[PDB]
Amino acid sequence: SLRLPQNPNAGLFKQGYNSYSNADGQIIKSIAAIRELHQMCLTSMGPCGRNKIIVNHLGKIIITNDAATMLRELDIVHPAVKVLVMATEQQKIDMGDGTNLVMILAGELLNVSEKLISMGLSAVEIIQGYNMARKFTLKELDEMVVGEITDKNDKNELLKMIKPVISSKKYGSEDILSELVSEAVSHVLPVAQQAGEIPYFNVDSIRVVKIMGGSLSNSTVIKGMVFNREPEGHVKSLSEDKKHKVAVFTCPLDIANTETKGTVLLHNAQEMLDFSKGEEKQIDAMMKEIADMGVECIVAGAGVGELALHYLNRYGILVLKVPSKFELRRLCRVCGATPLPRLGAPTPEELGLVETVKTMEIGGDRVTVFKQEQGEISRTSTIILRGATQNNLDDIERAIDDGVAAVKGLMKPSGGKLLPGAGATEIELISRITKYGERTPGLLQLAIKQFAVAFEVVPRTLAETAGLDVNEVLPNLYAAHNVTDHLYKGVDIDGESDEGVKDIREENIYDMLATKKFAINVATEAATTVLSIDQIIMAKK
Amino acid sequence: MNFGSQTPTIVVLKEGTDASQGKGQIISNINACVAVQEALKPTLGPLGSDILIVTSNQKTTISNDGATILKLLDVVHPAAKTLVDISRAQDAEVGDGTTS
Amino acid sequence: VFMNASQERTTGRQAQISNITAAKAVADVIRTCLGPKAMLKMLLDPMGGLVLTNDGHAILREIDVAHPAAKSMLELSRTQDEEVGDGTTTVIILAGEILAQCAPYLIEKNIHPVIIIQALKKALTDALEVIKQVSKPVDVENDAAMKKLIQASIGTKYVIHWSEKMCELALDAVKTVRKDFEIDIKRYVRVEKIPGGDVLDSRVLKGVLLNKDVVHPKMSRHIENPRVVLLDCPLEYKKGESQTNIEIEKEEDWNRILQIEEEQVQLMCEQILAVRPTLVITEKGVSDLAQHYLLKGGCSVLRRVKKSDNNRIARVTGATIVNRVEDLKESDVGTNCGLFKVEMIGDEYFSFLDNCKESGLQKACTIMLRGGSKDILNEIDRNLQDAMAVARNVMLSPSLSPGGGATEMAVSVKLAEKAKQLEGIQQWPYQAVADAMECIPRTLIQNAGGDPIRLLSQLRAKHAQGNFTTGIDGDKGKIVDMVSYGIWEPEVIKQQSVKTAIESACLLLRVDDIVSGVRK
Amino acid sequence: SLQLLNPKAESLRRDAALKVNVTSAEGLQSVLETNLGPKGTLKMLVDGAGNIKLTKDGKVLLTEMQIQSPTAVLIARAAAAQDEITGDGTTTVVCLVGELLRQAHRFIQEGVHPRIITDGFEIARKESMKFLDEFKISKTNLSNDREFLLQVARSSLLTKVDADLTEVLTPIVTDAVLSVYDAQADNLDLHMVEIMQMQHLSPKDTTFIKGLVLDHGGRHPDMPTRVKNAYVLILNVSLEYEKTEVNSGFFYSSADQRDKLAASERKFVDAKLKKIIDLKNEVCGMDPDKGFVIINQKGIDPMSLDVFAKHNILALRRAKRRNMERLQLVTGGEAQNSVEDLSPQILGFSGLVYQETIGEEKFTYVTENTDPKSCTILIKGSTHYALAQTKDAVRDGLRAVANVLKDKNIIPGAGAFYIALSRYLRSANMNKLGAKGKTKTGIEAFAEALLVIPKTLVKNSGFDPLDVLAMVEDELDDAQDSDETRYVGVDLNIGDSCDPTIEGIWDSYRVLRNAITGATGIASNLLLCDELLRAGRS
Amino acid sequence: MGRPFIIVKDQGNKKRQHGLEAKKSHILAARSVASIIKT
Amino acid sequence: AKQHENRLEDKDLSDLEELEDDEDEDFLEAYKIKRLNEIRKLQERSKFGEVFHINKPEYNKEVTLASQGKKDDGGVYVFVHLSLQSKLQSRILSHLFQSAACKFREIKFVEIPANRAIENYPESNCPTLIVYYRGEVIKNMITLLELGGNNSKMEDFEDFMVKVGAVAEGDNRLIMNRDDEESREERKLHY
Ligand SMILES: Nc1ncnc2c1ncn2[C@@H]1O[C@H](COP(=O)(O)OP(=O)(O)O)[C@@H](O)[C@H]1O
Ligand SMILES: Nc1ncnc2c1ncn2[C@@H]1O[C@H](COP(=O)(O)OP(=O)(O)O)[C@@H](O)[C@H]1O
Ligand SMILES: Nc1ncnc2c1ncn2[C@@H]1O[C@H](COP(=O)(O)OP(=O)(O)O)[C@@H](O)[C@H]1O
Ligand SMILES: Nc1ncnc2c1ncn2[C@@H]1O[C@H](COP(=O)(O)OP(=O)(O)O)[C@@H](O)[C@H]1O
Ligand SMILES: [Mg+2]
Ligand SMILES: [Mg+2]
Ligand SMILES: [Mg+2]
Ligand SMILES: [Mg+2]
């Protein structure tokens, strides 16, 4: 009675495999273990949320209070957590908004369902309960809409759109960053009396150029872009020509050499004497044609030779490398020209227009600025960020990426209508689902009630970060909905929040309809998978 | 039904990943910045003193301003790197007051 | 560095989360060890033995957990065993739930761990009130109801099939130890074991049972009326408390020194024969020279008897503990001894002492166990301690509470109804007390294989309308009232379960941090 | 639940705890399956010391080979505890628990609860106790049938040893047991019957001695070897020196006083020897024809041995506690401790006392008693394992035959008890029983498990076990209608049925009763256990 | 706060000096270099 | 493994009689004869028992030569004491010799003045304890600061005798092993 018989199925699967089935207690092991990371996204929620510093294995430090950026770097051994990880990444790549609700609503459905499993309700019935509750949630959100927008062009109308998104990440900066993003969208959208038929928009239109140093208030908007690059050859005129035609060549400016390797063959010395002048006259025949039409700027992606640069210096033509291929096409969108791997000659139809190009230092480093006034632009803009630390500017970039991603979420579908925010529609869904559970008798009614209780974390998480008592403002808020005016009740965050009532229209806090629908679906599908599994099979390392 | 004798529980974070809750970490981060602050405390002013740093490669580098002192000392802590980033940003933008 | 601490300080909310998860883990080990269809548990101790049982106390004795919060839960079984002797698994399984239900609030609604304590004392005060009202008295002299009361705990054990004999075995033993208030103690209850035999022929016999035989062969193996006399000193020649150190000079001294060794043992034996006893039980050893002349008078000599058994012989035979032999009289001699007989068993010899049966000192007895093996004896012996523990509470307290979870469910209903009228900040922990009290019937339904969703829903619908004695039949898994079911338990076990479970939560809830590895 | 509590532990639950108890049961069953029956295989046990000990008893196999499994140690205590008091039925308990677990485990896989299954074993066990009353047969001991005791002795001895050892050792047991029965009818096995080791010519030369044999003899050469009429004397007094409780120096002053005080050492011894000489003066008549012998429980001084040698008194020292409790039964005398009060009545009687020696050791033989109330069984053997094999055979044979005289009943064996319970449990009306629900298979599981024992006897002979029960089943189908009460058997010589009543195969009563009771308790407790774990401080 | 307290890499090999006594070793270290070449 | 050895090893001849009823006679009586023979050897070796106050000439006569004993290497330990009436530790060590002599009768206890011990011995180094065995000096001990000094007790002296190999560790006469009867009485009750 000292050594056990060692589980005589040990002839089966190797020691590295670990089984954690149910009955043994898998659900109890999982729902709990994940409460640690549930508090991470809960503390980082709201305008007063705390950012989290994540140092990866390489050492690149990041500080972001989202959920998709954090969990991407966290090497998590627990498999049940990873269902929540890439489910949040789906929200990042598709909509770019709601990572946090997903990590929070998906985890709370597992936390609140502790009562159902512990009481002894069937796991199969719980999946059917949340699925039917999911369908009722999607149908009911359409009726609580009061922000039906149809203009979606002017800048003041975006104050109900961008400023709630920017107010979440770093609440202290609202008017400054909203002016940068809203002015960027106005430059992106074309000037027209009526632009319809689903005009195209992409996240790559608005780029972010991070410059070290300078206060956030000193930032400005640039219609072109700004590269950390050294110009060569001459100083610009900056007002003399009034406009500049810019040719963008994929291939470098050099004598056309083949892909297969060759060399110089000379049978006699007569060709040796003319070979020194032949290379000069060869490029001169191709370079003189470019200068006739007045191309005052050339952009060659590959390395430019010194012989080609020498002929361009005397005529005063600007040169630029732009080695990366992705950022090469964005410059073409500004001027409105096409790429040309052939040398050929410049044509008027394929060549664009650029007002001026000027060179200075913004944060000590010399950069090239492609700002133009009175010119025609189409889907291009940049926001020059000035900040004290690179760690803080990284969060401003992702905040802007989430802001412009919401613009993609609006203009791509037919309607991206608003909803009441600040803990207004979430408590309404608790009343709707509470009334829905009594309409259908059956054993699944317990699942319908507990699905509503999971939505409680949204108001109190704003109160917990605000340093307020949850047991005072949360039940007091229910008395305000008794009865339009009752729909616009929300959670106040201020020193005068003892009353617990603040009107939404005074500050215009709103949320998107499509963002919450996609978040509720991915959250329910995430909880559906974790509650459906019973056995989890590991492996060695 | 089970594969073997026992089944040890999974740690949620990776083995060796440091993490902490409560007000102790933010006080440690503030004390880390104050520890870096005390090195540059007597340097401030006309009658201040220079700082002698010698890195692992055994190359002497004397300085008075806090821009290159913090560049030599490779900082591991993220909270202490905040003082290093603003010092290089102040050195890059203006070029004065990196210690203040 | 600094003092021997700060390895990894678990502080804040995560420290209490580990304690609720650790306290819940203790109850999950013995979740299946409750109800009539409870499963057994074989634990392997590192010395080499084995403990086969289903009692939560005996299970948690052998287990060892390297965690300080779970060890406080481990000690609650010693509170229940050394207070009544029944319901130890009920104590461990209820507390787990109380700590667990209070957790939601601690983790999320941020109620501080002191406001929960104030809510629980008012729930504790109301729990004793409804448990006092739901319990009905019962007559103590009714042997027909006493047999059904004793076998309530036996029904959750292996010997329910022999319940007709165990209730008669336990009832006769309790009345023997019972003193004519009505205080009894199990230290005289002899737990002597006999491996092998059938349970049917096993019976209690009034008196003691020794493991030894007589020394000399000529001793009478069958005496009609034994007269027992207890001795504490040995019959050997006492060397004395100080060295003798006799300076011998003449040749006639050494034979005199060896002759007085024979005469001193004659002097102590001859004065024992003034009363002429039949059986002389000595505590310490006996000499070879003294046994013959005690046989000349007609006594019977035994080997060294440990005084734990001699104190039982003193109450059976009515004799007194005697060490000085010169002060031996006729009044302190044991009498009214029934019969003397020695049976042959291959393990060891066994001397039987029967009583005449016909206030005074309380009488002792020895209960014969004839099991199948060694583990069956230890299994059945703990059942007698659990069965005889029930018989003490009805004598100390004539109240009788309903069983089958009806008592704890009655606490759940009244606390749930009164929670609405208790409007304030104490309402959320006060309402969470009913959520755990309805789990001890939920565990019975899970072990029975039924669905606890509709049964508990049917239970609460009939509990308010039907009666206060409604409960779940553990065998069939249907709602059957305890009046017709005919199984009842004492109310004292319900008090210790509610008191020990709530008082354990008040201690563990105040834990803030855990720091391990300070010093010895 | 156990891993976060204990940093190191092992836990099996709800499928492995059931597989462990069945797999360990089938494993331990396969060890003792081949040993069961008369044609079973022998089994030696050699440890690291190199000694050899040979026997077929399951208790010796279990209580000598260390075992790590938690199930088998309970089978070891169950097989040992049943044999320690009864002396027979060791492997039968292992086969029942070895078979009843696997026979119930198939229905646990079907989904039947363990509680209601074990409820069927208990109510089925009560039916077997009621069946023992009708199945047994009454036998009157007043007839004193020696042939009936010979057949009972050959039942156990044929199982352990071959026919050559059984025929010569059977009447050794019968002559010892024939003296057990008396008017008081009080059975006494441990004090009366004994075993003693002696390396001699062969195992076949075992003989019966009616008196008590002793493993010592006369130390001095001049002391008599053979004595015709020796009257024994029991004295538990120690006749060597005694150190005297703190007594110290014989402070001697002059040299003559030194030896004068040294002579007092003899005075205490001579004071006790004179009482023996005074006793010899009363029985001095016919001194050359008669004799006298003294047996002491403690040592005798060598100075005093010359006193007995001069008077031709045989001296024997350092006897056992058990031999002093047996001289009164053999010689008929009475015991004495002190030398003060003597009489001729306490002296015993012996018709022949002689000594025989081999090598360095010497044995004293006593026999030819007038009315001996006890005797001995001096077993001869070649090797140490030969004595150990005869130890277990005589130990199990005496206990089996002794239990027949305790009660007035005897159970016939050879599968008659198991085959009879099979038809009884499979044909009895269930409405008479109180069990209902899913107790249908519990009756069939325990009833079918009993069939595996009598075919295990066939598995050692090599015949087909299922085919030799065909005519057995056909015999009982016609025996009930033929109006003839007969009990069938299993003869392994020809592979056909037989009658144990005429063949002499029998079994004791309490063996099969305690076996099923101990086996049903152990097998039921192992089924209800659904979790195994190890935890503790070390 | 935990037992590890790290701000820069390789704190064991890096050791600071401060106060009047730290400057005292510098001038006295120059005396050893000066005293060698003083003769 | 140790559970079988504790039956015989951890019981003297007086304690071995307790197992007469439980254990086998041949198993118990075989070891009792062994332990009885060991007791007889100690009685024959008990040639001492009081302090041997010697003169300087006898110093060889009784110390070195005696330590040879039978010279069967029957060695004998001889504890010498260089006494000095003026010092405090000397009279303390003299009392320990008288107490230890009554218990350990096989070990010879010797005492002599320090002035008569060594030619012009330093008085500050007194008291001095020497331990001879087979003519060789096993331990040349210095003043009793190692053994507590002025607060020296009988328990500390008996522990020193075990270190030099004069008395076995598990000896029943040592106060460390000689538990009181009240101690064993409480253990049996709480068992
Ligand atoms: N000034 C304010 N007053 C009230 N509520 C606010 C204020 N600023 C932000 N909020 C609320 O904080 C919440 C933060 O939500 P967030 O998690 O950023 O949205 P998403 O999950 O879609 O990214 C918003 O729902 C918003 O209603
Ligand atoms: N002539 C002066 N009179 C008074 N204060 C001065 C003078 N020169 C410098 N200071 C003060 O000394 C402080 C530190 O300057 P310093 O350390 O030399 O520049 P930095 O910190 O940019 O290297 C400044 O805050 C400044 O106010
Ligand atoms: N036959 C039964 N049917 C339903 N419930 C029972 C039955 N027997 C006992 N119980 C319940 O099991 C609980 C514990 O009883 P018991 O098993 O005797 O104590 P322990 O838990 O100490 O083993 C009691 O509170 C009682 O409600
Ligand atoms: N010669 C034989 N013929 C038929 N059956 C026998 C014979 N010898 C033994 N048996 C049977 O073998 C079984 C086991 O016998 P035994 O060895 O005494 O018990 P165990 O095997 O349990 O030690 C008995 O039930 C008996 O009927
Ligand atoms: Mg957002
Ligand atoms: Mg400066
Ligand atoms: Mg109980
Ligand atoms: Mg047998």
# chains A, B, ... in the order shown; residues from 1 in each chain; ligands from 1
>>> interface_residues(of="chain B", to="chain C", cutoff="12 Å", atoms="only C-alpha atoms", output="list in words")
residues 18, 19, 20, 21, 22, 23, 24 and 25 of chain B
>>> write_last_selection(atoms="N, CA, C and O atoms", output="CSV table (one decimal), in the first residue's frame")
chain,number,residue,atom,x,y,z
B,18,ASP,N,6.3,37.8,-14.4
B,18,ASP,CA,6.1,38.5,-13.2
B,18,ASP,C,4.8,39.4,-13.4
B,18,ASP,O,4.6,40.0,-14.4
B,19,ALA,N,4.0,39.4,-12.3
B,19,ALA,CA,2.7,40.1,-12.3
B,19,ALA,C,2.3,40.4,-10.9
B,19,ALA,O,2.6,39.6,-10.0
B,20,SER,N,1.7,41.5,-10.7
B,20,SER,CA,1.2,41.9,-9.3
B,20,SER,C,0.1,42.9,-9.4
B,20,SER,O,0.0,43.7,-10.3
B,21,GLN,N,-0.8,42.8,-8.4
B,21,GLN,CA,-2.0,43.7,-8.3
B,21,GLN,C,-1.8,44.6,-7.1
B,21,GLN,O,-0.8,44.5,-6.3
B,22,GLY,N,-2.7,45.5,-7.0
B,22,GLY,CA,-2.8,46.4,-5.8
B,22,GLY,C,-1.9,47.7,-6.1
B,22,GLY,O,-1.4,47.9,-7.1
B,23,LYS,N,-1.8,48.5,-5.0
B,23,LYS,CA,-1.1,49.7,-5.0
B,23,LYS,C,0.4,49.6,-4.8
B,23,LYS,O,1.1,50.6,-4.8
B,24,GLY,N,0.9,48.4,-4.6
B,24,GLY,CA,2.3,48.2,-4.4
B,24,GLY,C,3.2,48.4,-5.6
B,24,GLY,O,4.3,48.9,-5.5
B,25,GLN,N,2.6,48.0,-6.8
B,25,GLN,CA,3.4,48.1,-8.0
B,25,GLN,C,3.6,49.6,-8.5
B,25,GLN,O,4.7,50.0,-8.8
>>> residues_near_ligand(ligand="ligand 3", cutoff="7 Å", atoms="only C-alpha atoms and all ligand atoms", output="MDAnalysis selection string")
chainID C and resid 34:36 55:56 86:90 152:156 403:405 444 472:475
>>> interface_residues(of="chain C", to="chain A", cutoff="9 Å", atoms="only C-alpha atoms", output="ChimeraX atom specification")
/C:14,21,28,44-50,108-111,425,439,442,446,451-454
>>> write_last_selection(atoms="N, CA and C atoms", output="mmCIF file, in the first residue's frame")
data_model
loop_
_atom_site.group_PDB
_atom_site.id
_atom_site.type_symbol
_atom_site.label_atom_id
_atom_site.label_comp_id
_atom_site.auth_asym_id
_atom_site.auth_seq_id
_atom_site.Cartn_x
_atom_site.Cartn_y
_atom_site.Cartn_z
ATOM 1 N N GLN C 14 -6.815 38.760 -5.120
ATOM 2 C CA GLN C 14 -6.418 37.419 -5.540
ATOM 3 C C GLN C 14 -6.135 36.494 -4.362
ATOM 4 N N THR C 21 -11.428 29.289 -3.573
ATOM 5 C CA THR C 21 -11.180 28.148 -4.448
ATOM 6 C C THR C 21 -10.572 26.988 -3.669
ATOM 7 N N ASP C 28 -15.194 19.425 -2.571
ATOM 8 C CA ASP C 28 -15.310 18.642 -3.796
ATOM 9 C C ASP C 28 -14.718 17.245 -3.658
ATOM 10 N N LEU C 44 -4.450 6.148 1.247
ATOM 11 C CA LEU C 44 -3.169 5.480 1.465
ATOM 12 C C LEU C 44 -2.288 6.383 2.318
ATOM 13 N N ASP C 45 -2.071 5.989 3.575
ATOM 14 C CA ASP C 45 -1.155 6.700 4.451
ATOM 15 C C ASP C 45 0.286 6.296 4.125
ATOM 16 N N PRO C 46 1.280 7.142 4.432
ATOM 17 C CA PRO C 46 2.657 6.800 4.039
ATOM 18 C C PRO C 46 3.318 5.757 4.929
ATOM 19 N N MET C 47 2.737 5.421 6.085
ATOM 20 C CA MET C 47 3.360 4.438 6.965
ATOM 21 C C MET C 47 3.233 3.026 6.409
ATOM 22 N N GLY C 48 2.068 2.679 5.862
ATOM 23 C CA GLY C 48 1.821 1.367 5.276
ATOM 24 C C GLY C 48 0.414 0.830 5.458
ATOM 25 N N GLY C 49 -0.441 1.451 6.268
ATOM 26 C CA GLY C 49 -1.792 0.976 6.487
ATOM 27 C C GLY C 49 -2.745 1.416 5.397
ATOM 28 N N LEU C 50 -4.036 1.347 5.714
ATOM 29 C CA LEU C 50 -5.082 1.751 4.787
ATOM 30 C C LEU C 50 -6.334 2.080 5.586
ATOM 31 N N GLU C 108 -17.095 41.061 -6.566
ATOM 32 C CA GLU C 108 -17.685 42.062 -7.457
ATOM 33 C C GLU C 108 -18.480 43.202 -6.873
ATOM 34 N N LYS C 109 -19.381 42.892 -5.927
ATOM 35 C CA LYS C 109 -20.138 44.024 -5.493
ATOM 36 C C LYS C 109 -19.427 44.734 -4.368
ATOM 37 N N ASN C 110 -18.207 44.328 -4.070
ATOM 38 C CA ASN C 110 -17.379 45.042 -3.107
ATOM 39 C C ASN C 110 -17.896 45.294 -1.750
ATOM 40 N N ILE C 111 -18.541 44.324 -1.165
ATOM 41 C CA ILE C 111 -18.992 44.472 0.162
ATOM 42 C C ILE C 111 -17.831 44.057 0.988
ATOM 43 N N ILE C 425 -28.271 47.422 3.260
ATOM 44 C CA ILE C 425 -27.000 46.919 2.736
ATOM 45 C C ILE C 425 -26.740 45.467 3.136
ATOM 46 N N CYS C 439 -28.353 23.539 -0.947
ATOM 47 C CA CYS C 439 -27.424 22.658 -1.651
ATOM 48 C C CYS C 439 -27.321 21.284 -0.999
ATOM 49 N N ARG C 442 -29.518 19.322 -2.640
ATOM 50 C CA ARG C 442 -29.061 19.195 -4.021
ATOM 51 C C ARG C 442 -28.010 18.101 -4.164
ATOM 52 N N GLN C 446 -28.123 14.691 -6.636
ATOM 53 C CA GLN C 446 -27.052 14.376 -7.576
ATOM 54 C C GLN C 446 -26.535 12.958 -7.369
ATOM 55 N N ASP C 451 -32.718 14.829 -11.421
ATOM 56 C CA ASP C 451 -32.498 16.191 -11.891
ATOM 57 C C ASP C 451 -32.814 17.162 -10.754
ATOM 58 N N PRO C 452 -31.843 17.859 -10.141
ATOM 59 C CA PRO C 452 -32.203 18.765 -9.035
ATOM 60 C C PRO C 452 -32.896 20.052 -9.469
ATOM 61 N N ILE C 453 -33.062 20.300 -10.771
ATOM 62 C CA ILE C 453 -33.740 21.514 -11.221
ATOM 63 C C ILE C 453 -35.217 21.458 -10.845
ATOM 64 N N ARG C 454 -35.924 20.440 -11.336
ATOM 65 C CA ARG C 454 -37.358 20.329 -11.104
ATOM 66 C C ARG C 454 -37.697 19.816 -9.710
#
>>> select_by_dssp(residues="region 22-154 of chain A", states="alpha helix (DSSP H)", output="ChimeraX atom specification")
/A:26-33,35-43,68-73,79-94,99-112,114-119,123-140
>>> residues_around(residues="residue 213 (chain C)", least_positions_apart="6", cutoff="9 Å", atoms="only C-alpha atoms", output="list in words")
residues 302, 303, 342, 348, 349, 350 and 351 of chain C
>>> write_last_selection(atoms="N, CA, C and O atoms", output="PDB file, in the first residue's frame")
ATOM      1  N   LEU C 302      -3.305 -13.931  36.601  1.00  0.00           N
ATOM      2  CA  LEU C 302      -3.195 -13.504  35.212  1.00  0.00           C
ATOM      3  C   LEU C 302      -1.890 -12.736  35.017  1.00  0.00           C
ATOM      4  O   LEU C 302      -1.159 -12.445  35.967  1.00  0.00           O
ATOM      5  N   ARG C 303      -1.604 -12.406  33.760  1.00  0.00           N
ATOM      6  CA  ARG C 303      -0.409 -11.657  33.397  1.00  0.00           C
ATOM      7  C   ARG C 303      -0.635 -10.177  33.718  1.00  0.00           C
ATOM      8  O   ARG C 303      -1.648  -9.807  34.316  1.00  0.00           O
ATOM      9  N   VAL C 342     -13.171 -19.483  29.134  1.00  0.00           N
ATOM     10  CA  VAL C 342     -12.092 -19.188  28.193  1.00  0.00           C
ATOM     11  C   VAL C 342     -12.362 -19.972  26.914  1.00  0.00           C
ATOM     12  O   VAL C 342     -12.449 -21.206  26.946  1.00  0.00           O
ATOM     13  N   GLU C 348      -5.378 -15.455  19.633  1.00  0.00           N
ATOM     14  CA  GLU C 348      -4.937 -15.429  21.020  1.00  0.00           C
ATOM     15  C   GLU C 348      -6.050 -16.011  21.879  1.00  0.00           C
ATOM     16  O   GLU C 348      -7.171 -16.227  21.411  1.00  0.00           O
ATOM     17  N   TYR C 349      -5.730 -16.263  23.145  1.00  0.00           N
ATOM     18  CA  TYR C 349      -6.739 -16.691  24.100  1.00  0.00           C
ATOM     19  C   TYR C 349      -7.606 -15.501  24.499  1.00  0.00           C
ATOM     20  O   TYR C 349      -7.213 -14.339  24.351  1.00  0.00           O
ATOM     21  N   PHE C 350      -8.805 -15.803  25.002  1.00  0.00           N
ATOM     22  CA  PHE C 350      -9.773 -14.783  25.397  1.00  0.00           C
ATOM     23  C   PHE C 350     -10.529 -15.258  26.625  1.00  0.00           C
ATOM     24  O   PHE C 350     -11.230 -16.273  26.568  1.00  0.00           O
ATOM     25  N   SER C 351     -10.390 -14.518  27.724  1.00  0.00           N
ATOM     26  CA  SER C 351     -11.074 -14.803  28.980  1.00  0.00           C
ATOM     27  C   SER C 351     -12.324 -13.940  29.084  1.00  0.00           C
ATOM     28  O   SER C 351     -12.245 -12.711  28.968  1.00  0.00           O
TER      29      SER C 351
END
>>> residues_near_ligand(ligand="ligand 5", cutoff="6 Å", atoms="only C-alpha atoms and all ligand atoms", output="list in words")
residues 97, 98 and 165 of chain A
>>> write_last_selection(atoms="N, CA, C and O atoms", output="mmCIF file, in the first residue's frame")
data_model
loop_
_atom_site.group_PDB
_atom_site.id
_atom_site.type_symbol
_atom_site.label_atom_id
_atom_site.label_comp_id
_atom_site.auth_asym_id
_atom_site.auth_seq_id
_atom_site.Cartn_x
_atom_site.Cartn_y
_atom_site.Cartn_z
ATOM 1 N N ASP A 97 -13.043 48.015 -33.259
ATOM 2 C CA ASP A 97 -13.677 48.683 -32.130
ATOM 3 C C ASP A 97 -14.463 47.650 -31.338
ATOM 4 O O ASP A 97 -15.182 46.837 -31.925
ATOM 5 N N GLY A 98 -14.323 47.692 -30.015
ATOM 6 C CA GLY A 98 -14.963 46.745 -29.123
ATOM 7 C C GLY A 98 -14.090 45.593 -28.676
ATOM 8 O O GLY A 98 -14.627 44.556 -28.272
ATOM 9 N N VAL A 165 -15.210 57.876 -29.120
ATOM 10 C CA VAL A 165 -14.169 56.865 -29.276
ATOM 11 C C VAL A 165 -12.854 57.367 -28.692
ATOM 12 O O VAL A 165 -12.152 56.633 -27.986
#
>>> residues_around(residues="residue 96 (chain B)", least_positions_apart="6", cutoff="10 Å", atoms="only C-alpha atoms", output="JSON, numbers by chain")
{"B": [65, 66, 67, 87, 90]}
>>> residues_near_ligand(ligand="ligand 2", cutoff="8 Å", atoms="only C-alpha atoms and all ligand atoms", output="NGL selection string")
:B and (43-46 or 48 or 64-66 or 95-100)
>>> select_by_dssp(residues="region 391-516 of chain C", states="strand (DSSP E)", output="list in words")
residues 399, 400, 401, 402, 470, 471, 472, 479, 480, 481, 488, 489 and 490 of chain C
>>> interface_residues(of="chain C", to="chain F", cutoff="9 Å", atoms="only C-alpha atoms", output="number ranges by chain")
C: 211-212, 285, 303-304, 308, 348
>>> residues_around(residues="region 66-79 of chain F", least_positions_apart="3", cutoff="6 Å", atoms="only C-alpha atoms", output="compact mmCIF listing (two decimals) with C-alpha atoms, in the first residue's frame")
# COMPACT_ATOMS: atom_id res chain seq x y z
CA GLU F 62 47.04 3.20 38.62
CA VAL F 63 46.60 5.22 35.56
CA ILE F 107 34.99 3.36 34.36
CA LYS F 108 37.81 4.22 36.77
CA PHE F 109 37.57 7.70 38.33
CA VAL F 110 40.93 9.08 39.50
CA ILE F 130 42.64 13.78 31.35
CA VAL F 131 41.19 10.60 29.82
CA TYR F 132 43.54 7.63 29.34
CA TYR F 133 42.70 4.49 27.37
CA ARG F 134 45.16 1.67 26.59
CA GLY F 135 48.02 3.92 27.69
>>> interface_residues(of="chain A", to="chain B", cutoff="9 Å", atoms="only C-alpha atoms", output="number ranges by chain")
A: 4-10, 12-15, 17-21, 29, 33-34, 36-37, 53, 55, 61, 74-78, 81, 212-214, 362-365, 387-391
